[PDB]
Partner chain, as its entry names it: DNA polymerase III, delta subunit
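Before any questions on binding or motion, here is one chain by itself as structure tokens, the form deposited without its partner chain.
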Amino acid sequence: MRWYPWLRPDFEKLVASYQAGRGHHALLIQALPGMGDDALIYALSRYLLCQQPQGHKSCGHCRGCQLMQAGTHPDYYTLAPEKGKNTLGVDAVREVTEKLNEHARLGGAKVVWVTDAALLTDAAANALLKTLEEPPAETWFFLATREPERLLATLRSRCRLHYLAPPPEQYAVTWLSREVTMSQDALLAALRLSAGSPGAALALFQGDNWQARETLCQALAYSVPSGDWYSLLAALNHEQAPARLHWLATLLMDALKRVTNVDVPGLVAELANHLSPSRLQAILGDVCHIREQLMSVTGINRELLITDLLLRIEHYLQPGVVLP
């Protein structure tokens, strides 16, 4: 968790509303990963659970802050998928909502943080909704998501959406330049690959990721002129395949614009030069569809999905083939 400098505008805007009573019991924060919704929700949680706030800040001394620092505040709740699963069950939710019906142990506010409302199960989201439609006194809910479209529809309409928008690109590049030492086109590229999220753009430079993209890039440099796309399996067959497929989709889409990958105009050119627009699009549609298949229910056998993808792509390159 980190307090990024672009969070202030949003923080002061939301915090003031809770302070002046214009706060919603259900705040749905929309944000890309690495934008700091977690730090924002925490700073707001800390403010509300501060028994003696100093302006918009938590004091860091009162007992409430002491129990928060310790991680033992009885009135603060966290709903995250049990480390054993990848979704959020109904028992966990109800278990927290049931307790939300008792008078707050420290006699003040109660705060509930749903880490990713998308992971909620259909019965869990349905149970949360019931609580949201009849909010227990002095309870403040914070639900965060990357894509609110992936949420139980009825849940979305009971929350006030606050979109945590990325800061200006130029500001983000500079921030990044301070976190790592790289050519600025690579930074801007990482940033565009991340949809403007500076934290996620920084995660790419930390470890496996940046090198993985180069390997992919090197692998594409061979597949394009050779027509051998199945050879890409190594660079894509890995846990983080969904992100790796995004990179790919991103290059194809750049090749179709006669720009996200500003650091590799060479390969974008090679793609736009050797592949017809009809094929760049057919390949792009397929890549995006498999990307989703891998994220919706990572087909128990991911390598099959990908190999078939690479073979459909090679089928596309053939003269006389109908592209659909």
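Residue numbers count along the first chain shown, from 1.
Another form, the form deposited with its partner chain bound, is not on view; read the next lines as being about it.
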(request) Given that the partner is absent here, state which listed stretch (77-85, 210-218, 111-119, 224-232) has heavy atoms within 4.5 Å of its partner chain in the deposited bound form. (result) 224-232
(message) Whether residue 15 contacts its partner chain in the deposited bound form should be assessed with a 4.5 Å heavy atom distance threshold; does it?
(response) no
(message) Whether residue 19 contacts its partner chain in the deposited bound form should be assessed with a 4.5 Å heavy atom distance threshold; does it?
(response) no
(message) Taking its partner chain as it sits in the deposited bound form, is residue 269 in contact with it (heavy atom to heavy atom, 4.5 Å or less)?
(response) no
(message) Even though the partner isn't displayed, in the deposited bound form is residue 51 close enough to its partner chain, meaning a heavy atom within 4.5 Å?
(response) no
(request) Go through 289-324 residue by residue and record those having a heavy atom within 4.5 Å of its partner chain in the deposited bound form; state none if no residue qualifies. (result) 293, 297, 298, 299, 300, 301, 303, 304, 305, 307, 308, 311, 312, 314, 315
(message) Based on the rigid-body movement between the shown form and the other one, can you say which of 82, 30, 60, 206 lies at the hinge?
(response) 206
